[PDB]
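Asks: Please see the structure below; I have some questions.
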Amino acid sequence: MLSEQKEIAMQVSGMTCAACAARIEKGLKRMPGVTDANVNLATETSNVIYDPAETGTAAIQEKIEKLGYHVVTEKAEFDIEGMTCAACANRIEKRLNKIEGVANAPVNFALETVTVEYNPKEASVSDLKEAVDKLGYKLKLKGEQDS
Numbered sequence: 014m015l016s017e018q019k020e021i022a023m024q025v026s027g028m029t030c031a032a033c034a035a036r037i038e039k040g041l042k043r044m045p046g047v048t049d050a051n052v053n054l055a056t057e058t059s060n061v062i063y064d065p066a067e068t069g070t071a072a073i074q075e076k077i078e079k080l081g082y083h084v085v086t087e088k089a090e091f092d093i094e095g096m097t098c099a100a101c102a103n104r105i106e107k108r109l110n111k112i113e114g115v116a117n118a119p120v121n122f123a124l125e126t127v128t129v130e131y132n133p134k135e136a137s138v139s140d141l142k143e144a145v146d147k148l149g150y151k152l153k154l155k156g157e158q159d160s
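Going by the numbering used here, the sequence shown opens with residue 14, and the numbers climb by one from there.
What follows is the structure in structure tokens.
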């Protein structure tokens, strides 16, 4: 009847052999909430699928780090005029949380801001804008555009 398996794309450095890629796919498929993983050798992009009730997004980046790599990540803060309450936070969060290349983002329900942890590899500030424009709020960047 029920279950709900969500995807993510992510990026990791240290995969200088096919055996490194193999050990990510063969490693992630062991987590009890995970079903599947595929990682593109040389390009560095890891693509992972799980039931988020027992294994959620941050556990994937930590299980990748647990091989002895560096998960090639950055974080920034974003400012969200038009978020006014927890349901408003949840409205953008249910895209921002992972989009198609973000590792994690929890959206604030009173401070009108979100901490975004991501891979600076395959998307940018245009796609973040267009993901929030779809709900109807805006993005300004914390120091990096207007603050």
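Here a beta-carbon is modelled for each residue, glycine too, at the ideal position from N, C-alpha and C.
Can you round the beta-carbon distance between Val-25 and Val-115 to whole angstroms, since I take them to be within the 8 Å contact cut?
Replies: Against the sequence shown, residue 25 aligns to sequence position 12. Against the sequence shown, residue 115 aligns to sequence position 102. Between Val-115 and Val-25 the Cβ distance is about 15 Å, and since that is not below 8 Å, they are no contact.
Asks: Considering Cα atoms alone, identify which of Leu-152, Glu-113 and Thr-126 is closest to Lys-19.
Replies: Reading the sequence shown from its first residue, position 6 is the one you call residue 19. The candidate whose alpha carbon is nearest that of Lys-19 is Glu-113.
Asks: Which same chain residues end up closer than 7 Å to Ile-21 when comparing Cβ atoms and leaving out the 5 residues on each side of it in sequence?
Replies: Within the sequence shown, the letter at position 8 stands for residue 21. Taken in chain order, the residues that qualify are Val-61, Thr-70, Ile-73 and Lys-111.
Asks: If you compare alpha carbons, which of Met-14, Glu-57, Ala-34 and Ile-77 is closest to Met-44?
Replies: Residue 44 sits at position 31 when you count from the first residue of the sequence shown. Cα-wise, what sits closest to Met-44 is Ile-77.
Asks: Residues in the same chain with beta-carbon distance under 8 Å from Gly-95, minus the five sequence neighbours each way, listed in chain order, please.
Replies: Position 82 of the sequence shown, counted from the first residue, corresponds to residue 95. Excluding sequence neighbours, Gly-95 sits near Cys-101, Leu-148, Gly-149, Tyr-150 and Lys-151.
Asks: Spatial neighbours of residue 162 within its chain, please: CB distance less than 7 Å, with the 5 preceding and 5 following residues excluded, ordered by chain position.
Replies: No statement about residue 162 is possible, as the shown extent of the chain runs from 14 to 160 and does not include it.
Asks: In angstroms with no decimal places, state the Cα-to-Cα distance between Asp-92 and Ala-136.
Replies: Counting from 1 along the sequence shown, the entry for residue 92 is found at position 79. Counting from 1 along the sequence shown, the entry for residue 136 is found at position 123. Taking the straight line joining both Cα atoms gives about 19 Å.
Asks: Between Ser-16, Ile-37, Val-52 and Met-23, which lies nearest to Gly-46 when the distance is taken from Cα to Cα?
Replies: The residue labelled residue 46 in the question sits at position 33 within the sequence shown. Among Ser-16, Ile-37, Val-52 and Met-23, the Cα nearest to that of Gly-46 is on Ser-16.
Asks: Say yes only if the C-beta of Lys-147 is nearer than 8 Å to one or more non-hydrogen atoms of the ligand SAM, and no if none qualify.
Replies: This structure simply doesn't include the ligand SAM, nor any ligand for that matter.
Asks: Return the first residue and the last residue of the beta strand (DSSP E) that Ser-26 is part of.
Replies: The residue labelled residue 26 in the question sits at position 13 within the sequence shown. Its beta strand (DSSP E) spans residues 19 to 26.
Asks: Please report the Cβ distance between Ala-89 and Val-129, rounded to the nearest whole angstrom; I am assuming they are in contact, meaning their Cβ atoms lie under 8 Å.
Replies: For the purposes of this step, residue 89 is taken as the residue at position 76 of the sequence shown. For the purposes of this step, residue 129 is taken as the residue at position 116 of the sequence shown. Contact holds; Cβ gap of about 6 Å.
Asks: Here's the rule I'm using: 16 or more other beta-carbon atoms within 10 Å means buried, otherwise exposed. How should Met-23 be labelled?
Replies: Residue mapping note: residue 23 aligns to position 10 of the sequence shown, counting from 1. By the neighbour-count rule (16 or more Cβ atoms within 10 Å), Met-23 is buried.
Asks: Out of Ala-123, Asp-140 and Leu-124, point me to the one whose CA is closest to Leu-109's CA.
Replies: As a position in the sequence shown, residue 109 is number 96, starting the count at 1. Per the Cα distances, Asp-140.
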